[PDB]
Amino acid sequence: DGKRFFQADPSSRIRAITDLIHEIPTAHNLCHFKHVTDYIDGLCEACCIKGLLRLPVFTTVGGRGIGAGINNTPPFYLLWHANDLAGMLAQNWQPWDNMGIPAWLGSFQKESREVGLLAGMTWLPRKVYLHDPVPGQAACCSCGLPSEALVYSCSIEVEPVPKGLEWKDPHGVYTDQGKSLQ
RNA sequence: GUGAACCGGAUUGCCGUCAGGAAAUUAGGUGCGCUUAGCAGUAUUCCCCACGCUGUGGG
Ligand SMILES: [Mg+2]
């Protein structure tokens, strides 16, 4: 009960924790290649963290009344590769003069125009709560690790992206007209 | 009992109506198939059996 990582205040729109993961079917999706059922199988803490990190980069439209993320349709992502973590960090180090405030800090604000790097790289288009883990002896449906109490449900609300918001992704690829290249 | 098990690309359709290969052509000029022979007057007729010191009977 306090500050949460990549989360916000609770709501009443209850959804099973499966829409954070694209490959596991949920709601109206057909469960043929992955036999799952909502509120029956859940994810562990590591998978919850890994699914909270997919919001800024891999969020698509929700149909009616729900928009996409900061990058609109998720485009190609091109970067540089190295044989170790330090090398990969050292080959894509280019900083900017304006950094902004990261999302894991205090309550993020859209505020005025311009974004920077830390704010843009951690844009949160949805509010999520991650209620609690429920005791049991099941296994995670994402990694398969035989574990203990998992989470099953959460609350998700939609945050619209204000008009304007001049942003250029360091890794995204754009077209001639400025649209995302997918 | 394997990125594995459970797993249909499915339903509908005439290529029909039109057409002279036609007009004219000697395949012609030369060439012996020829030299030779009794189905008959004999001297062991290819095989087998029986009777004699040639006669019967079968192939
Ligand atoms: Mg997990």
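Just the heavy atoms: all of them, side chains too, but no hydrogens, waters or symmetry mates, feed the values below. Proteins come first, then strands; the chains are lettered A, B, ... in the order of their sequence lines, and each starts at number 1.
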Need the glycosidic conformation of B/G28: syn if within 90° of 0, anti if not. Which one?
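Because its glycosidic torsion lies more than 90° from 0, B/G28 adopts the anti conformation.
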Can you tell me whether the base of B/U42 sits syn or anti, using the 90° cut around 0 to define syn?
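Syn for B/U42; the angle stays within 90° of 0.
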Pi stacking test for A/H32 and B/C7: under 5.5 Å apart, planes under 30°:
no
Side-chain donor or acceptor of A/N71 paired with backbone N/O of A/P74 under 3.5 Å:
no
Taking the six-membered ring where the residue is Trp, are the ring centres of A/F58 and A/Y77 under 6.0 Å apart?
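Yes, the ring centres sit under 6.0 Å apart.
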How far, in whole Å, is [M] from [N] if one measures between their [atom1] atoms?
N     : M     : atom1 : result
B/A43 : B/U36 : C1'   : 30 Å
B/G33 : B/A37 : P     : 22 Å
B/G58 : B/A50 : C1'   : 12 Å

Any side-chain donor-acceptor pair under 3.5 Å between A/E157 and A/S155?
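On atom types as modelled, these side chains do not qualify, holding no pair under 3.5 Å.
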To the nearest 0.5 Å, how far apart are NZ in A/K127 and CD in A/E159?
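Spacing of NZ (A/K127) from CD (A/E159) equals 4.5 Å.
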Rounded to whole angstrom units, what separation is found between the NE2 atom of A/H35 and the P atom of B/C6?
10 Å
In whole angstroms, how far is the P atom of B/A4 from the NZ atom of A/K34?
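Whole-Å distance recorded here is 13 Å.
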In terms of pucker, with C1'-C2'-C3'-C4' positive for north and negative for south, the sugar of B/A10 lies north
Here, do the bases of B/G13 and B/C14 lie with ring centres under 5.5 Å and ring planes under 30 degrees of each other?
no
